[PDB]
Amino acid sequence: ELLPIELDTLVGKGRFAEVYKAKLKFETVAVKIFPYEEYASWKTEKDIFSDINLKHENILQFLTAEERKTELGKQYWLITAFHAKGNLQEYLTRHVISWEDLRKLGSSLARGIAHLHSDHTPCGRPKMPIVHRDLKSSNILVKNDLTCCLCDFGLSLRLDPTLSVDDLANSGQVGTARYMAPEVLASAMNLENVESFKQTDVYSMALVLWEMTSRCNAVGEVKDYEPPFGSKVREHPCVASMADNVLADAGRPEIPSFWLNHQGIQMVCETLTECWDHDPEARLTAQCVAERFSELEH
């Protein structure tokens, strides 16, 4: 029943798993390996990937989930399509992108998030909305055609009506501190409305769009890649230092006025600025962003 897989190289290592480029006797595949201790993370992702309504070009393509015995115990594997260009953060660190690349990455990112958020399939049927909860450039893969696809669903939440407010309350602050929405950092979320979790994803998406813009040659002069708040906080920032910047100081990544000379960049910057608003209700939806990116004909 186990697939003929040979592990080749370690390509990624997060808080829950190790990812390997491997061969399936498509030949090249990615293998996300979790130890037994991280079973809950593997099962959360496997449940998200197993849903028939998740399938989308801007969502990582899932092949299968397996259980594999080892000498020191057992491992839990998720086998997906391999994207040679790797995660978006590593891609933006090496490359300066063109305006065409920014339009492609930006719209494919918005389309993937809008699909996760949607309470219905493209064919009109009801579907469970999913909030990623850990949107960041390292959880986005760059496809060969220079479009995006979302990966890493280990912290994701299926917006089930049976969810208890007390069961959501702790949990607690989930995600990566650097990309947490101000209301997440303030512990000020209304643990009732379904849109409130979708709004936190939109703020994180806005930081990602800023990262893409910061490396686009259409701005003119391009600086070395830096993650959001790179010059304000340490490498692995705590929630308190992030609250001090994003909330107390109302801080956001810098948009120099010279970027706004290009009409496309100006529209992108106006869009993401609305998406990172302090007030979650003032933010655009991922569907609005995808629509604004489709309007970028001229």
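All residue numbers refer to positions in the sequence shown, first residue = 1. Take the two forms, find the largest set of C-alpha atoms that superpose within 1.5 Å, and that set is the rigid core.
With every structure aligned by its rigid core, 14-22 is the stretch of 272-280 and 14-22 whose CA positions lie farther away in 6 other deposited structures of this protein. Larger average C-alpha displacement in 6 other deposited structures of this protein, relative to the shown form after a rigid core fit, is seen for 124-132 when comparing 201-209 with 124-132. Judged by the one-third criterion across other entries of this protein, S187, modelled here, is also modelled in every one of those that cover both its neighbours. Of the other compared PDB entries of this protein that include residues on both sides, at least a third leave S171 without atoms.
According to the entry, the deposited sequence has 4 to 9 residues without coordinates between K25 and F26.
Of the two segments, 68-76 and 113-121, the one listed with the higher mean B-factor is 68-76 (C-alpha atoms only).
Looking at mean Cα B-factors across 159-167 and 134-142, the upper value is held by 159-167. When the Cα B-factors of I33, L272, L63, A40 are read from the PDB record, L63 comes out highest.
For the set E221, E183, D224, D201, the maximum C-alpha B-factor listed in the entry falls on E221. The entry lists a Cα temperature factor for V289 that places it in the middle third of the chain's modelled residues. Placement of the Cα temperature factor of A84 within the chain: middle third of the modelled residues, per the deposited record. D47: CA B factor in the middle third of modelled residues in this chain (values from the PDB entry). Ranked within its chain, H262 lands in the highest third, by CA B factor from the PDB record. In this PDB entry, the Cα temperature factor of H56 sits in the middle third of its chain's modelled residues.
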